[PDB]
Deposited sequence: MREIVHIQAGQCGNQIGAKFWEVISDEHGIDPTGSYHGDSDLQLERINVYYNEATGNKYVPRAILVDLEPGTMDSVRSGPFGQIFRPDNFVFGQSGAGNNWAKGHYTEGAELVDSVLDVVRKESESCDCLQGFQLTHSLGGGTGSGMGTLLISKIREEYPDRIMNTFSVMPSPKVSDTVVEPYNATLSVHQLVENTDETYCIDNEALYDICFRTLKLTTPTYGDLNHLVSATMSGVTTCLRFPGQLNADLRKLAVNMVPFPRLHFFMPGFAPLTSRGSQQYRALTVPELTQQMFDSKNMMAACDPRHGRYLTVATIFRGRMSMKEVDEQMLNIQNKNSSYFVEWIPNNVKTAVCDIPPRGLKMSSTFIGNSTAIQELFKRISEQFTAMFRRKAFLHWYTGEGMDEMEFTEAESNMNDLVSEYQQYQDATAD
């Protein structure tokens, strides 16, 4: 289990995807020309997971950049790390998706999907031991949402024995591009429930509130939100990228984090929460796992129970202090952990802190509280669907009202399942 093939789809997908590559290249000592200039042998031990080794001791992200709109990938190319990507790995269309899931999934996206699969095939065939796929996309739009989920199902058909991991960004009216975001997100969730092994729920409602309430940013931009996403994405992938201690891979993460196949939606958490220019103790970092204020998904952990938790501590710290502190949180907050999954919290420590931070903590949680996020999207969806508002945008692309009904009930079924395990006691 070595190589991960990274795919970024749509405006949101390519924006957060670029920021991920900028952040992890800095950690690994890779400059925008692909050259290594670090001073630690730990930086290069597992470089092979995300980078291909090119001639002249250079490293190239194993990344595929997809969009139906050409504009976004021009912005990527001109960005800080724009030149680091393989030019042939940029698969762009010319007519966008118009924030319509149907356009991305059935029309414009269906026409570009074969061109993308040709590039995924070329990357994947070159792998010694393919772990699987990591996809970045938003669920509110049309390319990331519709085309991204069409890509997932097509890759699922060609590589059924590989892990499908996504960083899916949930829509919010607090940061809204389109009125049909509840439809796009519901149609996508339906696809993710069925076709992914593990999904990180990056909620724009949570990111907006972190910026506004905590960071006191009156008017946050996508740049402000994306700073929190890149910090989380770096934290959550630490154990795939760095040696020890444990030798984590995506299947190992899936096996230990997912007790029921459909319940694979993770509620990420991060500490400390900072703004795009900022340059804390072990007990302080540990306490932020129950803090609703630190969650990347708009849910209160204390409104559910954790099925499983994987926590990453980064920086030079006492590993003994971490162990003591983590056990303390479990003993003091026992009622927020399911008793029928023994020893359901796992901790990892990495000597390398992320950029601009001396100490950090990331929480990957499989909590029943994530139902609050799915209930929120469902309420918004129903307000609109009840009145058949904007439906002609979708039916115009050939979709049936039936597909909306089916996706809605599949998401409500997902909610009921989270409730079932929240009420379940050890007998």
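Unmodelled region of the deposited chain sequence (numbering from residue 1): 280 to 283 only.
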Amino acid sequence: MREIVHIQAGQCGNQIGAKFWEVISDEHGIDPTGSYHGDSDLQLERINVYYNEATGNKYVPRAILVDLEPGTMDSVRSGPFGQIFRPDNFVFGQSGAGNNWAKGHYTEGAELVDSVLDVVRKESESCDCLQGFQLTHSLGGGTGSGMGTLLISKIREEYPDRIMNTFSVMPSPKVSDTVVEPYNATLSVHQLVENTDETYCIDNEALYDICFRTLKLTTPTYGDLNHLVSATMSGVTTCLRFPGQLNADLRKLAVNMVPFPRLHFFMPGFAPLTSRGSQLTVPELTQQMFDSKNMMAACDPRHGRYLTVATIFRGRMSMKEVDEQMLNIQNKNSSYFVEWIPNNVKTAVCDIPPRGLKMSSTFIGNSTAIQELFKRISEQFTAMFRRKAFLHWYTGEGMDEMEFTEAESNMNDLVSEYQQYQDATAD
From here on, numbers count along this sequence of modelled residues.
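The mean Cα B-factor in the deposited entry runs higher for 106 to 114 than for the other of 106 to 114 and 132 to 140.
Here the stretch with the larger average CA B-factor, out of 373 to 381 and 59 to 67, is 59 to 67. The entry lists C-alpha B-factors for 281, 234, 226, 168, and the highest of these is at 281.
Ranking 342, 173, 244, 148 by Cα temperature factor from the entry places 244 first. Residue 293: CA B factor lies in the middle third for its chain, per the PDB record.
In this PDB entry, residue 202 carries a Cα temperature factor that places it within the lowest third of its chain's modelled residues. Per the PDB record, residue ranking by Cα B-factor puts residue 160 in the middle third of the chain. In the deposited entry, the Cα temperature factor of residue 84 sits in the top third of values across the chain's modelled residues. The deposited CA B-factor of residue 346 belongs to the lowest third of values across its chain.
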